[PDB]
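Before any comments, here is the structure.
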Amino acid sequence: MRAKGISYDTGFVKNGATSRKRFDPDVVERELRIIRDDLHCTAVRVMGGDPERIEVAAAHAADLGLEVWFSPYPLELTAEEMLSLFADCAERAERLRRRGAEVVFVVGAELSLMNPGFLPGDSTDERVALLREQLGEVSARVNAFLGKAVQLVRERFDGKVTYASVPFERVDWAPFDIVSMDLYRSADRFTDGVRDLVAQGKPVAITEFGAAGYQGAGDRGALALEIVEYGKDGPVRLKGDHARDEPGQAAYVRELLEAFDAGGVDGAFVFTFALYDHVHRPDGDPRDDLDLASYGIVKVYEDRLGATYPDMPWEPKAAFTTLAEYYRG
């Protein structure tokens with residue numbers, strides 16, 4: 001694998017709510033340094049809904065020598081709002097690319113699930129729930145929007161362009177430089193599917209894959225956040241009492257990385273470094289240990305610093321060790 005990656009949440013924005021209440025650039029710089037030095041990543045997918053935050057993290061990553069996947073990730077935005085976000089992001093991405101950063105631009109993610117207007121539904125829950133013949137219509141709309149968005153981006157940005165798709169969208173990859181797909185294993189034919197994806201010939205990146213950290217979560221693939229009760233601002237509590245299974249999270253990530261290496265992908269981006277508002281509360285009721293549902297490979301505290309990185313408000317989970325070993329060699 002050429003791009004040994006992880007994604008990095010600078011703050012999704014959903015109805016004005018950020019997923020990352022604190023964005024301290026000194027902390028961001030040190031997290032990205034750990035990602036390079038201790039997770040042995042060569043690339044980072046810098047996600048969010050705030051172009052300035054994405055740009056600050058991407059500039060630190062480039063200054064560290066990391067390949068930057070500049071990755072606006074709109075949530076519940078109209079077409080006009082998405083296009084405006086992409087235009088702003090593409091201008092900043094171009095400024096960075098011109099300074100000599102290696103920058104890939106990602107034109108959104110899973111648009112038919114994350115934003116209205118492709119699939120029926122007023123929320124991602126509604127739209128996912130619809131996965132029980134609309135697929136041609138959904139694919140037509142996604143591809144029509146992507147045709148517009150890619151042209152907008154290429155007017156502003158002269159590097160490689162991709163899109164973090166899901167399989168059912170049936171993206172036309174003709175306008176893109178890289179084929180990117182979000183692939184959760186949930187099991188038998190998996191590596192065969194990866195090889196088919198690689199076979200069309202353009203470099204392939206797996207832009208999103210991972211598991212949460214409770215017992216059984218790897219089975220539930222991309223649906224592991226279904227145990228979370230969400231409120232006005234973010235996660236509030238878990239619906240039931242779940243045991244922690246950090247080894248199972250680590251083993252899921254490693255097995256998928258093995259399947260992607262075997263299948264020949266160009267890049268893979270573990271989802272994810274941290275989900276900062278899914279706080280770890282190890283010494284209380286498990287229903288309040290929001291970190292159990294986190295796809296992050298570190299566990300973030302609300303009120304303490306960690307032991308391994310004593311200036312950091314988080315601690316590695318087992319999956320952090322596993323990724324580091326996998327990417328080291």
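Following the order of the structure tokens, first chain is A, next is B, and so on, with residues numbered from 1 inside each chain and ligands from 1 in the order they appear.
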Quick one: residues within 9 Å of region 106-119 of chain A, only C-alpha atoms, excluding same-chain residues fewer than 4 positions away - as a PyMOL selection string?
chain A and resi 45+69-79+82+86+123-128+130+134-135+137-142+146+149-150+153+160-166+169+180-182+207
I need the strand (DSSP E) residues of region 14-92 of chain A per DSSP on the backbone, written as a PDB file with C-alpha atoms, in the first residue's frame.
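In the end it all went to part.pdb:
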ATOM      1  CA  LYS A  14     -24.471  18.946  11.340  1.00  0.00           C
ATOM      2  CA  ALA A  17     -23.257  21.400  15.624  1.00  0.00           C
ATOM      3  CA  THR A  18     -19.549  20.554  15.558  1.00  0.00           C
ATOM      4  CA  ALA A  43      -1.207  10.044   4.453  1.00  0.00           C
ATOM      5  CA  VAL A  44      -4.053  11.599   6.380  1.00  0.00           C
ATOM      6  CA  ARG A  45      -7.638  12.221   5.313  1.00  0.00           C
ATOM      7  CA  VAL A  46      -8.463  15.592   6.881  1.00  0.00           C
ATOM      8  CA  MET A  47     -12.266  15.667   7.325  1.00  0.00           C
ATOM      9  CA  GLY A  48     -14.743  18.220   8.488  1.00  0.00           C
ATOM     10  CA  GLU A  67       0.194  13.289   1.994  1.00  0.00           C
ATOM     11  CA  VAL A  68      -3.016  15.318   2.558  1.00  0.00           C
ATOM     12  CA  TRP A  69      -6.455  14.070   1.519  1.00  0.00           C
ATOM     13  CA  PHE A  70      -8.359  17.370   1.823  1.00  0.00           C
ATOM     14  CA  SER A  71     -11.798  16.036   2.629  1.00  0.00           C
ATOM     15  CA  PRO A  72     -14.882  18.256   3.194  1.00  0.00           C
TER      16      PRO A  72
END
Taking a cut-off of 10 Å and counting only C-alpha atoms, can you build a table that, for each residue of region 183-262 of chain A near region 320-329 of chain A, reports the nearest atom pair and how far apart they are in Å (one decimal), sorted by chain then residue number, as a Markdown table?
| residue | atom | partner | partner_atom | distance |
| --- | --- | --- | --- | --- |
| A:246 | CA | A:320 | CA | 9.8 |
| A:247 | CA | A:322 | CA | 9.2 |
| A:249 | CA | A:322 | CA | 9.7 |
| A:250 | CA | A:322 | CA | 6.0 |
| A:251 | CA | A:322 | CA | 7.9 |
| A:253 | CA | A:323 | CA | 7.6 |
| A:254 | CA | A:322 | CA | 6.8 |
| A:257 | CA | A:326 | CA | 8.2 |
| A:258 | CA | A:326 | CA | 9.0 |
Write out as a PyMOL selection string which residues come within 7 Å of residue 314 (chain A) when counting only C-alpha atoms, dropping same-chain ones fewer than 5 positions away.
chain A and resi 298-301+305-306
Using C-alpha atoms, can you export the residues from the last selection as a CSV table (one decimal), in the first residue's frame?
chain,number,residue,atom,x,y,z
A,298,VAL,CA,-7.8,6.5,20.7
A,299,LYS,CA,-10.2,7.0,23.7
A,300,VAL,CA,-10.7,10.7,24.5
A,301,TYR,CA,-11.2,11.9,28.1
A,305,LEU,CA,-4.7,13.6,30.3
A,306,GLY,CA,-3.4,10.2,29.2
Need the shell around residue 174 (chain A): protein/DNA/RNA residues with any atom at most 10 Å away, counting only C-alpha atoms. Skip same-chain ones fewer than 4 positions apart. Format as a ChimeraX atom specification?
/A:147,178-179,202
How would the residues just chosen look if you wrote them out with C-alpha atoms as a short mmCIF file (atom, residue, chain, number, x, y, z; two decimals), in the first residue's frame?
data_model
loop_
_atom_site.label_atom_id
_atom_site.label_comp_id
_atom_site.auth_asym_id
_atom_site.auth_seq_id
_atom_site.Cartn_x
_atom_site.Cartn_y
_atom_site.Cartn_z
CA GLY A 147 -20.33 16.14 -12.48
CA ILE A 178 -8.75 8.02 -7.99
CA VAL A 179 -11.55 5.54 -7.25
CA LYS A 202 -7.50 3.67 -11.63
#
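If you count only C-alpha atoms and ignore residues fewer than 2 places along the chain from residue 285 (chain A), what sits within 12 Å of it is residues 237, 238, 239, 240, 241, 242, 243, 280, 281, 282, 283, 287, 288, 289, 290 and 292 of chain A.
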The selected residues should be written to file as a short mmCIF file (atom, residue, chain, number, x, y, z; two decimals), in the first residue's frame (atoms: N, CA, C and O atoms).
data_model
loop_
_atom_site.label_atom_id
_atom_site.label_comp_id
_atom_site.auth_asym_id
_atom_site.auth_seq_id
_atom_site.Cartn_x
_atom_site.Cartn_y
_atom_site.Cartn_z
N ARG A 237 -25.91 9.45 25.51
CA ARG A 237 -25.68 8.24 26.29
C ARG A 237 -25.82 7.03 25.36
O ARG A 237 -26.30 7.15 24.23
N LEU A 238 -25.42 5.87 25.86
CA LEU A 238 -25.65 4.63 25.11
C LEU A 238 -26.98 4.02 25.53
O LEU A 238 -27.41 4.16 26.69
N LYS A 239 -27.64 3.32 24.59
CA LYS A 239 -28.97 2.76 24.84
C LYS A 239 -28.94 1.57 25.80
O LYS A 239 -29.92 1.35 26.54
N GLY A 240 -27.86 0.79 25.82
CA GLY A 240 -27.76 -0.35 26.70
C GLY A 240 -26.39 -0.47 27.34
O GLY A 240 -25.52 0.39 27.15
N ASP A 241 -26.20 -1.57 28.08
CA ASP A 241 -24.94 -1.84 28.77
C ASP A 241 -24.13 -2.79 27.90
O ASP A 241 -24.55 -3.92 27.66
N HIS A 242 -22.97 -2.34 27.42
CA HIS A 242 -22.14 -3.12 26.50
C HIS A 242 -20.76 -3.32 27.09
O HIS A 242 -20.19 -2.42 27.70
N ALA A 243 -20.20 -4.51 26.88
CA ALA A 243 -18.82 -4.72 27.28
C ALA A 243 -17.85 -4.11 26.26
O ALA A 243 -18.10 -4.13 25.04
N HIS A 280 -14.66 8.99 26.78
CA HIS A 280 -14.39 7.76 27.53
C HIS A 280 -14.58 8.04 29.01
O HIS A 280 -13.90 8.91 29.58
N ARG A 281 -15.49 7.29 29.63
CA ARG A 281 -15.76 7.39 31.07
C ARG A 281 -15.61 6.00 31.67
O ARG A 281 -16.60 5.29 31.86
N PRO A 282 -14.37 5.57 31.92
CA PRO A 282 -14.14 4.16 32.26
C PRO A 282 -14.60 3.78 33.65
O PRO A 282 -14.88 2.59 33.89
N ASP A 283 -14.70 4.74 34.56
CA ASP A 283 -14.96 4.55 35.99
C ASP A 283 -16.39 4.94 36.35
O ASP A 283 -16.63 5.57 37.37
N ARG A 287 -23.28 2.79 30.29
CA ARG A 287 -24.14 3.55 29.39
C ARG A 287 -23.63 4.96 29.18
O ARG A 287 -24.03 5.61 28.21
N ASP A 288 -22.76 5.45 30.06
CA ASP A 288 -22.18 6.79 29.94
C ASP A 288 -20.80 6.77 29.33
O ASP A 288 -20.18 7.83 29.17
N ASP A 289 -20.29 5.57 29.00
CA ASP A 289 -18.96 5.45 28.40
C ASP A 289 -19.15 5.53 26.89
O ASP A 289 -19.10 4.53 26.17
N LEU A 290 -19.39 6.76 26.41
CA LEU A 290 -19.66 6.98 24.98
C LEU A 290 -18.58 6.41 24.08
O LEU A 290 -18.86 6.05 22.93
N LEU A 292 -17.30 3.61 24.00
CA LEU A 292 -17.57 2.25 23.54
C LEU A 292 -18.05 2.25 22.08
O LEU A 292 -17.76 1.32 21.33
#
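Using only C-alpha atoms, the smallest distance between any of A:13, A:196, A:31, A:95 and residue 311 (chain A) comes from A:31.
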Enter the distance from CA of residue 131 (chain A) to CA of residue 220 (chain A), in Å, rounded to one decimal.
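We find that CA of residue 131 (chain A) and CA of residue 220 (chain A) lie 14.6 Å from each other.
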